[PDB]
Amino acid sequence: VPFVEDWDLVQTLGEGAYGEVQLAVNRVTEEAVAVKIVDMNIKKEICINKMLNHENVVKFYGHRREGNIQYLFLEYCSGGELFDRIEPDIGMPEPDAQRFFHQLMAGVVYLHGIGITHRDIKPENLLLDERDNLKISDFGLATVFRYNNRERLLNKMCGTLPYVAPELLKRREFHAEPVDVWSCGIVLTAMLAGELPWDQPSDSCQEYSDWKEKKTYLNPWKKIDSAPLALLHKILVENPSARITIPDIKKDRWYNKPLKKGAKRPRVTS
Ligand SMILES: COC(=O)Cc1ccc2c(c1)NC(=O)c1ccc(Nc3ccncc3)cc1N2
C-alpha cells in the first residue's frame with residue numbers, strides 16, 4: 001500500500017518541441033512506464049488516448065497535472081523504435097518486415113474502426129515491446145475523422161513529408177484513411193530497402209516521377225522482391241480513391257505468404 005504511487009525517472013526516452021519522455025520505474029513494484037512530460041493540443045491527445053485499447057497501440061494508464069506541467073503515463077516499450085531495426089540501405093529480413101506490417105495493419109484497422117487517424121505513421125512512431133510486438137505511438141497529431149457514423153473530410157497539413165500521401169499536397173480536402181494506408185506503404189518500403197523513396201510525393205520530385213513511370217529497376221524498388229513490390233504498387237497509388245484499402249491489403253498475396261517461423265521456443269533432443 002505505501003509508496004506504490006512513487007516513480008523514479010531513470011532515463012530520457014525522447015526529447016522534442018512537445019517536451020520530454022522519461023522511463024519511470026515504480027519504487028515498490030519496479031514496473032516500467034513511459035512518462036510524457038508536457039511543459040504546457042495536450043487536452044486532445046489525452047482525450048484520444050483515453051479511447052484506445054489495443055495490443056498494437058501504446059496503452060494509456062492515465063494523466064496527472066502538477067500546475068503547468070502535464071504527466072502522461074504510457075505503456076513502456078523496451079524494444080525501442082522500429083526505426084533502429086532498419087539497417088540503412090539494406091532494411092531487414094523480409095519475414096520480420098511482414099510480421100511488423102501485419103501488426104501495423106492490426107493497429108491501424110483498430111484506430112480507423114474507432115474513427116481515429118494517427119496522421120504521422122513512420123518508424124520513429126512504431127515502438128517494440130520485450131517480445132518485438134509493434135505498438136503505434138504518439139497521438140499528438142491524431143484526430144477524429146468519424147463521429148456518430150459520419151465521416152469528416154480532413155484539410156490540415158499533418159505528418160512528415162517523406163511519409164505523406166500526395167493528396168495532402170495537392171487537394172484542399174481528403175479522406176483520412178487512404179492517407180494512413182500510404183504512410184504504412186512508405187514504412188513497408190523503408191523496412192524492405194532501408195531507404196525512403198522520395199523527399200515528398202510531388203511531380204517536381206524526380207524519384208516520385210520515376211515510380212509513377214514504373215521504373216522499378218531503380219532504387220529502392222530494385223532491392224524489393226516481386227511479391228511485396230506488387231503490394232507496394234497497389235498502396236503507393238497517387239489517386240486516393242483508387243488506392244488499395246486495408247480489407248484488400250489483407251487479401252494481398254505477399255501479405256498472406258508464409259515466410260516467418262514463430263518465436264524460437266526452447267527444445268531438447270533424444
Ligand atoms: C532507455 O531506452 C531503452 O531502453 C530503449 C528505448 C528507446 C527509445 C524508446 C523506447 C525504448 N520506448 C518507449 O516506450 C518510448 C516511449 C516514448 C517515446 N516517445 C514519444 C514522444 C511523444 N509522445 C509519445 C511518445 C519513445 C520511446 N522510444
# chains A, B, ... in the order shown; residues from 1 in each chain; ligands from 1

$ closest_atom_pairs --of "chain A" --to "ligand 1" --cutoff "9 Å" --atoms "only C-alpha atoms and all ligand atoms" --output "JSON lines"
{"residue": "A:10", "atom": "CA", "partner": "ligand 1", "partner_atom_place_in_ligand_line": "1 (C)", "distance": 8.4}
{"residue": "A:11", "atom": "CA", "partner": "ligand 1", "partner_atom_place_in_ligand_line": "1 (C)", "distance": 6.0}
{"residue": "A:12", "atom": "CA", "partner": "ligand 1", "partner_atom_place_in_ligand_line": "1 (C)", "distance": 6.7}
{"residue": "A:13", "atom": "CA", "partner": "ligand 1", "partner_atom_place_in_ligand_line": "8 (C)", "distance": 4.8}
{"residue": "A:14", "atom": "CA", "partner": "ligand 1", "partner_atom_place_in_ligand_line": "19 (N)", "distance": 5.0}
{"residue": "A:15", "atom": "CA", "partner": "ligand 1", "partner_atom_place_in_ligand_line": "21 (C)", "distance": 7.2}
{"residue": "A:16", "atom": "CA", "partner": "ligand 1", "partner_atom_place_in_ligand_line": "21 (C)", "distance": 7.7}
{"residue": "A:18", "atom": "CA", "partner": "ligand 1", "partner_atom_place_in_ligand_line": "22 (C)", "distance": 7.1}
{"residue": "A:19", "atom": "CA", "partner": "ligand 1", "partner_atom_place_in_ligand_line": "22 (C)", "distance": 8.1}
{"residue": "A:20", "atom": "CA", "partner": "ligand 1", "partner_atom_place_in_ligand_line": "21 (C)", "distance": 7.0}
{"residue": "A:21", "atom": "CA", "partner": "ligand 1", "partner_atom_place_in_ligand_line": "17 (C)", "distance": 5.6}
{"residue": "A:22", "atom": "CA", "partner": "ligand 1", "partner_atom_place_in_ligand_line": "16 (C)", "distance": 7.6}
{"residue": "A:23", "atom": "CA", "partner": "ligand 1", "partner_atom_place_in_ligand_line": "1 (C)", "distance": 6.6}
{"residue": "A:33", "atom": "CA", "partner": "ligand 1", "partner_atom_place_in_ligand_line": "14 (O)", "distance": 7.6}
{"residue": "A:34", "atom": "CA", "partner": "ligand 1", "partner_atom_place_in_ligand_line": "16 (C)", "distance": 5.4}
{"residue": "A:35", "atom": "CA", "partner": "ligand 1", "partner_atom_place_in_ligand_line": "17 (C)", "distance": 7.7}
{"residue": "A:36", "atom": "CA", "partner": "ligand 1", "partner_atom_place_in_ligand_line": "23 (N)", "distance": 6.4}
{"residue": "A:58", "atom": "CA", "partner": "ligand 1", "partner_atom_place_in_ligand_line": "14 (O)", "distance": 8.0}
{"residue": "A:72", "atom": "CA", "partner": "ligand 1", "partner_atom_place_in_ligand_line": "24 (C)", "distance": 8.8}
{"residue": "A:74", "atom": "CA", "partner": "ligand 1", "partner_atom_place_in_ligand_line": "16 (C)", "distance": 7.5}
{"residue": "A:75", "atom": "CA", "partner": "ligand 1", "partner_atom_place_in_ligand_line": "14 (O)", "distance": 6.4}
{"residue": "A:76", "atom": "CA", "partner": "ligand 1", "partner_atom_place_in_ligand_line": "14 (O)", "distance": 4.0}
{"residue": "A:77", "atom": "CA", "partner": "ligand 1", "partner_atom_place_in_ligand_line": "14 (O)", "distance": 3.7}
{"residue": "A:78", "atom": "CA", "partner": "ligand 1", "partner_atom_place_in_ligand_line": "11 (C)", "distance": 4.8}
{"residue": "A:79", "atom": "CA", "partner": "ligand 1", "partner_atom_place_in_ligand_line": "11 (C)", "distance": 5.7}
{"residue": "A:80", "atom": "CA", "partner": "ligand 1", "partner_atom_place_in_ligand_line": "11 (C)", "distance": 3.5}
{"residue": "A:81", "atom": "CA", "partner": "ligand 1", "partner_atom_place_in_ligand_line": "28 (N)", "distance": 5.4}
{"residue": "A:124", "atom": "CA", "partner": "ligand 1", "partner_atom_place_in_ligand_line": "26 (C)", "distance": 7.7}
{"residue": "A:125", "atom": "CA", "partner": "ligand 1", "partner_atom_place_in_ligand_line": "25 (C)", "distance": 7.3}
{"residue": "A:126", "atom": "CA", "partner": "ligand 1", "partner_atom_place_in_ligand_line": "28 (N)", "distance": 8.6}
{"residue": "A:127", "atom": "CA", "partner": "ligand 1", "partner_atom_place_in_ligand_line": "12 (N)", "distance": 6.3}
{"residue": "A:128", "atom": "CA", "partner": "ligand 1", "partner_atom_place_in_ligand_line": "12 (N)", "distance": 7.3}
{"residue": "A:129", "atom": "CA", "partner": "ligand 1", "partner_atom_place_in_ligand_line": "14 (O)", "distance": 7.7}
{"residue": "A:135", "atom": "CA", "partner": "ligand 1", "partner_atom_place_in_ligand_line": "14 (O)", "distance": 8.9}
{"residue": "A:137", "atom": "CA", "partner": "ligand 1", "partner_atom_place_in_ligand_line": "25 (C)", "distance": 5.7}
{"residue": "A:138", "atom": "CA", "partner": "ligand 1", "partner_atom_place_in_ligand_line": "24 (C)", "distance": 3.8}
{"residue": "A:139", "atom": "CA", "partner": "ligand 1", "partner_atom_place_in_ligand_line": "23 (N)", "distance": 6.9}
{"residue": "A:140", "atom": "CA", "partner": "ligand 1", "partner_atom_place_in_ligand_line": "23 (N)", "distance": 6.6}

$ write_last_selection --atoms "N, CA and C atoms" --output "mmCIF file, in the first residue's frame"
data_model
loop_
_atom_site.group_PDB
_atom_site.id
_atom_site.type_symbol
_atom_site.label_atom_id
_atom_site.label_comp_id
_atom_site.auth_asym_id
_atom_site.auth_seq_id
_atom_site.Cartn_x
_atom_site.Cartn_y
_atom_site.Cartn_z
ATOM 1 N N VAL A 10 14.317 7.369 -14.446
ATOM 2 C CA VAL A 10 15.651 6.770 -14.564
ATOM 3 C C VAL A 10 16.412 7.128 -15.871
ATOM 4 N N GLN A 11 15.721 7.537 -16.971
ATOM 5 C CA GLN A 11 16.387 7.970 -18.217
ATOM 6 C C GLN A 11 15.433 8.528 -19.278
ATOM 7 N N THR A 12 15.986 9.432 -20.113
ATOM 8 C CA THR A 12 15.280 10.117 -21.197
ATOM 9 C C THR A 12 15.117 9.171 -22.383
ATOM 10 N N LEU A 13 13.865 8.992 -22.814
ATOM 11 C CA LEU A 13 13.498 8.140 -23.940
ATOM 12 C C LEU A 13 13.414 8.960 -25.229
ATOM 13 N N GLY A 14 12.957 10.203 -25.099
ATOM 14 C CA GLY A 14 12.809 11.142 -26.201
ATOM 15 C C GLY A 14 12.701 12.581 -25.743
ATOM 16 N N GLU A 15 13.129 13.510 -26.613
ATOM 17 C CA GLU A 15 13.105 14.961 -26.414
ATOM 18 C C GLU A 15 12.613 15.651 -27.673
ATOM 19 N N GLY A 16 11.851 16.725 -27.503
ATOM 20 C CA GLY A 16 11.320 17.492 -28.623
ATOM 21 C C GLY A 16 10.563 18.738 -28.223
ATOM 22 N N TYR A 18 7.304 19.183 -27.971
ATOM 23 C CA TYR A 18 6.261 18.736 -27.038
ATOM 24 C C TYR A 18 6.738 18.764 -25.567
ATOM 25 N N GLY A 19 8.031 18.505 -25.367
ATOM 26 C CA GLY A 19 8.678 18.419 -24.064
ATOM 27 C C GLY A 19 9.630 17.240 -24.030
ATOM 28 N N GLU A 20 9.410 16.294 -23.097
ATOM 29 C CA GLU A 20 10.271 15.109 -22.978
ATOM 30 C C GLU A 20 9.495 13.864 -22.507
ATOM 31 N N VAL A 21 10.085 12.695 -22.736
ATOM 32 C CA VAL A 21 9.538 11.409 -22.320
ATOM 33 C C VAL A 21 10.604 10.732 -21.474
ATOM 34 N N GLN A 22 10.237 10.352 -20.238
ATOM 35 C CA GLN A 22 11.139 9.673 -19.326
ATOM 36 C C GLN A 22 10.685 8.255 -19.047
ATOM 37 N N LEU A 23 11.650 7.348 -18.902
ATOM 38 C CA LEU A 23 11.382 5.989 -18.459
ATOM 39 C C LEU A 23 11.241 6.060 -16.932
ATOM 40 N N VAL A 33 7.231 2.231 -16.862
ATOM 41 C CA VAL A 33 6.269 3.010 -17.651
ATOM 42 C C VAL A 33 7.020 4.150 -18.331
ATOM 43 N N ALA A 34 6.410 4.719 -19.378
ATOM 44 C CA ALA A 34 6.927 5.888 -20.072
ATOM 45 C C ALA A 34 6.086 7.083 -19.638
ATOM 46 N N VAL A 35 6.738 8.151 -19.179
ATOM 47 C CA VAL A 35 6.004 9.326 -18.703
ATOM 48 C C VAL A 35 6.298 10.476 -19.640
ATOM 49 N N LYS A 36 5.251 10.980 -20.301
ATOM 50 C CA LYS A 36 5.372 12.104 -21.219
ATOM 51 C C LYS A 36 5.136 13.374 -20.409
ATOM 52 N N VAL A 58 0.072 1.835 -28.158
ATOM 53 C CA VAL A 58 0.660 2.159 -26.847
ATOM 54 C C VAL A 58 -0.491 2.460 -25.894
ATOM 55 N N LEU A 72 1.811 12.330 -18.715
ATOM 56 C CA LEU A 72 1.061 11.281 -19.402
ATOM 57 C C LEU A 72 1.749 9.954 -19.164
ATOM 58 N N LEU A 74 2.248 6.251 -19.979
ATOM 59 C CA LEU A 74 2.112 5.384 -21.140
ATOM 60 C C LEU A 74 2.871 4.088 -20.997
ATOM 61 N N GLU A 75 2.394 3.073 -21.734
ATOM 62 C CA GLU A 75 2.970 1.743 -21.801
ATOM 63 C C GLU A 75 4.417 1.818 -22.292
ATOM 64 N N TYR A 76 5.346 1.312 -21.481
ATOM 65 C CA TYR A 76 6.751 1.297 -21.859
ATOM 66 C C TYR A 76 6.999 0.166 -22.841
ATOM 67 N N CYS A 77 7.762 0.470 -23.883
ATOM 68 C CA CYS A 77 8.111 -0.472 -24.936
ATOM 69 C C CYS A 77 9.628 -0.614 -24.917
ATOM 70 N N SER A 78 10.133 -1.689 -24.279
ATOM 71 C CA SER A 78 11.582 -1.902 -24.065
ATOM 72 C C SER A 78 12.424 -2.131 -25.338
ATOM 73 N N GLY A 79 11.796 -2.553 -26.440
ATOM 74 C CA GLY A 79 12.483 -2.796 -27.712
ATOM 75 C C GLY A 79 12.857 -1.556 -28.503
ATOM 76 N N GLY A 80 12.439 -0.390 -28.025
ATOM 77 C CA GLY A 80 12.705 0.887 -28.669
ATOM 78 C C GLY A 80 11.902 1.083 -29.940
ATOM 79 N N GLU A 81 12.459 1.852 -30.872
ATOM 80 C CA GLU A 81 11.813 2.217 -32.127
ATOM 81 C C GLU A 81 12.120 1.246 -33.249
ATOM 82 N N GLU A 124 9.781 5.896 -36.435
ATOM 83 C CA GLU A 124 10.054 6.540 -35.146
ATOM 84 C C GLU A 124 8.847 6.428 -34.207
ATOM 85 N N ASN A 125 7.637 6.337 -34.775
ATOM 86 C CA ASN A 125 6.393 6.281 -34.015
ATOM 87 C C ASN A 125 5.880 4.883 -33.916
ATOM 88 N N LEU A 126 6.726 3.892 -34.212
ATOM 89 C CA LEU A 126 6.317 2.481 -34.129
ATOM 90 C C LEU A 126 7.294 1.830 -33.195
ATOM 91 N N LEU A 127 6.835 1.546 -31.976
ATOM 92 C CA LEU A 127 7.676 1.032 -30.885
ATOM 93 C C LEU A 127 7.534 -0.461 -30.732
ATOM 94 N N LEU A 128 8.539 -1.088 -30.115
ATOM 95 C CA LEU A 128 8.569 -2.519 -29.932
ATOM 96 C C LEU A 128 8.641 -2.873 -28.435
ATOM 97 N N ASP A 129 7.830 -3.840 -28.003
ATOM 98 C CA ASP A 129 7.858 -4.284 -26.616
ATOM 99 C C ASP A 129 8.975 -5.340 -26.474
ATOM 100 N N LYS A 135 3.825 -1.425 -31.565
ATOM 101 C CA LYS A 135 2.869 -0.561 -30.875
ATOM 102 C C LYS A 135 2.873 0.789 -31.521
ATOM 103 N N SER A 137 2.601 4.625 -31.611
ATOM 104 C CA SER A 137 2.932 5.604 -30.591
ATOM 105 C C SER A 137 2.706 7.058 -31.004
ATOM 106 N N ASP A 138 2.477 7.931 -29.994
ATOM 107 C CA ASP A 138 2.349 9.396 -30.104
ATOM 108 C C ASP A 138 1.102 9.846 -30.882
ATOM 109 N N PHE A 139 0.037 10.170 -30.146
ATOM 110 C CA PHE A 139 -1.248 10.598 -30.692
ATOM 111 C C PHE A 139 -1.397 12.107 -30.611
ATOM 112 N N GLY A 140 -0.251 12.784 -30.604
ATOM 113 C CA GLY A 140 -0.164 14.238 -30.596
ATOM 114 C C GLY A 140 -0.687 14.880 -31.867
#

$ select_by_dssp --residues "segment 91-207 of chain A" --states "strand (DSSP E)" --output "MDAnalysis selection string"
chainID A and resid 116:117 126:128 134:136 143:144 146:147 150:151

$ closest_residue --among "A:48, A:218, A:181, A:69" --to "residue 144 of chain A" --atoms "only C-alpha atoms"
A:48

$ closest_residue --among "A:187, A:90, A:108, A:28" --to "residue 163 of chain A" --atoms "only C-alpha atoms"
A:187

$ atom_distance --atom1 "atom CA of residue 186 of chain A" --atom2 "atom CA of residue 252 of chain A"
16.8 Å

$ atom_distance --atom1 "atom CA of residue 229 of chain A" --atom2 "atom CA of residue 105 of chain A"
17.1 Å

$ atom_distance --atom1 "atom CA of residue 173 of chain A" --atom2 "atom CA of residue 102 of chain A"
29.0 Å

$ residues_around --residues "residue 232 of chain A" --least-positions-apart "5" --cutoff "10 Å" --atoms "only C-alpha atoms" --output "mmCIF file with N, CA and C atoms, in the first residue's frame"
data_model
loop_
_atom_site.group_PDB
_atom_site.id
_atom_site.type_symbol
_atom_site.label_atom_id
_atom_site.label_comp_id
_atom_site.auth_asym_id
_atom_site.auth_seq_id
_atom_site.Cartn_x
_atom_site.Cartn_y
_atom_site.Cartn_z
ATOM 1 N N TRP A 182 -1.169 4.987 -47.125
ATOM 2 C CA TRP A 182 0.011 5.470 -47.844
ATOM 3 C C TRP A 182 1.251 5.444 -46.942
ATOM 4 N N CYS A 184 1.826 3.820 -44.280
ATOM 5 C CA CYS A 184 2.114 2.398 -43.992
ATOM 6 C C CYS A 184 2.908 1.773 -45.145
ATOM 7 N N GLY A 185 2.565 2.133 -46.382
ATOM 8 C CA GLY A 185 3.309 1.703 -47.569
ATOM 9 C C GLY A 185 4.740 2.237 -47.566
ATOM 10 N N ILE A 186 4.936 3.500 -47.135
ATOM 11 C CA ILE A 186 6.317 4.058 -47.051
ATOM 12 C C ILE A 186 7.117 3.339 -45.939
ATOM 13 N N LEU A 188 6.618 0.222 -45.017
ATOM 14 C CA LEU A 188 6.948 -1.093 -45.589
ATOM 15 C C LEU A 188 8.161 -0.974 -46.563
ATOM 16 N N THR A 189 8.182 0.086 -47.394
ATOM 17 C CA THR A 189 9.298 0.358 -48.308
ATOM 18 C C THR A 189 10.629 0.464 -47.499
ATOM 19 N N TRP A 221 13.238 0.240 -55.177
ATOM 20 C CA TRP A 221 12.400 -0.829 -55.732
ATOM 21 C C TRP A 221 13.186 -2.073 -56.186
ATOM 22 N N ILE A 224 13.623 -4.816 -53.579
ATOM 23 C CA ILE A 224 12.407 -5.443 -53.057
ATOM 24 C C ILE A 224 11.949 -6.572 -53.971
ATOM 25 N N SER A 226 9.513 -9.236 -55.901
ATOM 26 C CA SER A 226 8.324 -9.014 -56.731
ATOM 27 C C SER A 226 6.985 -9.102 -55.962
ATOM 28 N N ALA A 227 6.838 -10.059 -55.020
ATOM 29 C CA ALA A 227 5.590 -10.209 -54.238
ATOM 30 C C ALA A 227 5.348 -8.963 -53.307
ATOM 31 N N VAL A 237 -0.349 4.398 -54.799
ATOM 32 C CA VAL A 237 -1.185 4.814 -55.914
ATOM 33 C C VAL A 237 -1.558 6.264 -55.639
ATOM 34 N N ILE A 244 -5.463 0.966 -52.691
ATOM 35 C CA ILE A 244 -5.967 -0.224 -52.011
ATOM 36 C C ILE A 244 -6.374 0.126 -50.573
ATOM 37 N N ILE A 249 -5.777 -5.110 -48.576
ATOM 38 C CA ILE A 249 -4.359 -5.413 -48.241
ATOM 39 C C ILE A 249 -4.307 -6.800 -47.550
#

$ select_by_dssp --residues "segment 67-174 of chain A" --states "alpha helix (DSSP H)" --output "PyMOL selection string"
chain A and resi 94-113+166-170

$ closest_atom_pairs --of "segment 10-80 of chain A" --to "segment 109-119 of chain A" --cutoff "9 Å" --atoms "only C-alpha atoms" --output "Markdown table"
| residue | atom | partner | partner_atom | distance |
| --- | --- | --- | --- | --- |
| A:48 | CA | A:116 | CA | 8.0 |
| A:51 | CA | A:114 | CA | 8.3 |
| A:52 | CA | A:111 | CA | 7.8 |
| A:53 | CA | A:110 | CA | 8.9 |
| A:54 | CA | A:110 | CA | 7.2 |
| A:56 | CA | A:110 | CA | 8.7 |
| A:57 | CA | A:111 | CA | 8.6 |

$ residues_around --residues "residue 172 of chain A" --least-positions-apart "5" --cutoff "10 Å" --atoms "only C-alpha atoms" --output "ChimeraX atom specification"
/A:153-157,167

$ closest_residue --among "A:131, A:214, A:99, A:251" --to "residue 191 of chain A" --atoms "only C-alpha atoms"
A:99

$ closest_residue --among "A:123, A:67, A:258, A:95" --to "residue 195 of chain A" --atoms "only C-alpha atoms"
A:123

$ decode --residues "segment 40-62 of chain A" --atoms "N, CA, C and O atoms" --output "compact mmCIF listing (two decimals), in the first residue's frame"
# COMPACT_ATOMS: atom_id res chain seq x y z
N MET A 40 3.48 22.78 -21.33
CA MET A 40 2.19 23.48 -21.50
C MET A 40 2.30 25.00 -21.23
O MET A 40 3.31 25.63 -21.54
N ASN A 41 -4.46 21.04 -27.53
CA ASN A 41 -3.43 20.18 -28.11
C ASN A 41 -3.16 18.98 -27.20
O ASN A 41 -3.37 17.83 -27.62
N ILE A 42 -2.70 19.23 -25.95
CA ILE A 42 -2.42 18.17 -24.99
C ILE A 42 -3.75 17.58 -24.48
O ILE A 42 -3.83 16.36 -24.26
N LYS A 43 -4.81 18.42 -24.38
CA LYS A 43 -6.15 18.03 -23.95
C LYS A 43 -6.74 17.00 -24.92
O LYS A 43 -7.33 16.01 -24.49
N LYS A 44 -6.54 17.24 -26.23
CA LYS A 44 -6.98 16.39 -27.33
C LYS A 44 -6.21 15.05 -27.31
O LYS A 44 -6.85 14.00 -27.45
N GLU A 45 -4.87 15.09 -27.14
CA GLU A 45 -4.00 13.90 -27.08
C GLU A 45 -4.45 12.95 -25.96
O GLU A 45 -4.51 11.73 -26.18
N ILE A 46 -4.76 13.50 -24.77
CA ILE A 46 -5.21 12.76 -23.59
C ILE A 46 -6.59 12.15 -23.90
O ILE A 46 -6.79 10.95 -23.66
N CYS A 47 -7.53 12.98 -24.42
CA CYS A 47 -8.88 12.54 -24.75
C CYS A 47 -8.84 11.40 -25.78
O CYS A 47 -9.55 10.41 -25.59
N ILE A 48 -7.99 11.51 -26.84
CA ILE A 48 -7.87 10.45 -27.84
C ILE A 48 -7.26 9.20 -27.18
O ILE A 48 -7.80 8.11 -27.37
N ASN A 49 -6.20 9.37 -26.36
CA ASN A 49 -5.53 8.26 -25.67
C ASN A 49 -6.48 7.47 -24.75
O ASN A 49 -6.34 6.25 -24.64
N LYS A 50 -7.45 8.16 -24.13
CA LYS A 50 -8.46 7.56 -23.24
C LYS A 50 -9.40 6.60 -23.99
O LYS A 50 -9.97 5.70 -23.39
N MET A 51 -9.53 6.79 -25.31
CA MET A 51 -10.37 5.96 -26.18
C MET A 51 -9.71 4.63 -26.59
O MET A 51 -10.42 3.70 -26.96
N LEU A 52 -8.36 4.57 -26.55
CA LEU A 52 -7.53 3.49 -27.09
C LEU A 52 -7.30 2.30 -26.17
O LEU A 52 -6.85 2.45 -25.03
N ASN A 53 -7.53 1.11 -26.72
CA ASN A 53 -7.32 -0.17 -26.05
C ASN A 53 -7.14 -1.25 -27.10
O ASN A 53 -8.12 -1.79 -27.62
N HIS A 54 -5.88 -1.51 -27.46
CA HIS A 54 -5.50 -2.49 -28.46
C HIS A 54 -4.04 -2.90 -28.25
O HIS A 54 -3.20 -2.06 -27.92
N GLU A 55 -3.76 -4.20 -28.47
CA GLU A 55 -2.45 -4.82 -28.31
C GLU A 55 -1.35 -4.19 -29.20
O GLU A 55 -0.17 -4.36 -28.90
N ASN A 56 -1.73 -3.45 -30.28
CA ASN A 56 -0.75 -2.82 -31.18
C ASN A 56 -0.80 -1.29 -31.12
O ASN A 56 -0.32 -0.61 -32.02
N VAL A 57 -1.31 -0.75 -30.02
CA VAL A 57 -1.40 0.67 -29.72
C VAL A 57 -0.85 0.85 -28.33
O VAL A 57 -1.24 0.11 -27.43
N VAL A 58 0.07 1.84 -28.16
CA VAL A 58 0.66 2.16 -26.85
C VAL A 58 -0.49 2.46 -25.89
O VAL A 58 -1.34 3.31 -26.19
N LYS A 59 -0.54 1.74 -24.77
CA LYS A 59 -1.61 1.85 -23.77
C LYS A 59 -1.41 3.07 -22.90
O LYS A 59 -0.28 3.39 -22.52
N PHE A 60 -2.51 3.78 -22.64
CA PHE A 60 -2.59 4.96 -21.78
C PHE A 60 -3.12 4.53 -20.41
O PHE A 60 -4.19 3.93 -20.33
N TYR A 61 -2.35 4.80 -19.34
CA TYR A 61 -2.74 4.41 -17.98
C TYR A 61 -3.45 5.54 -17.23
O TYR A 61 -4.22 5.27 -16.31
N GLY A 62 -3.18 6.77 -17.64
CA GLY A 62 -3.76 7.97 -17.05
C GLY A 62 -2.85 9.17 -17.13
O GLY A 62 -1.76 9.11 -17.72
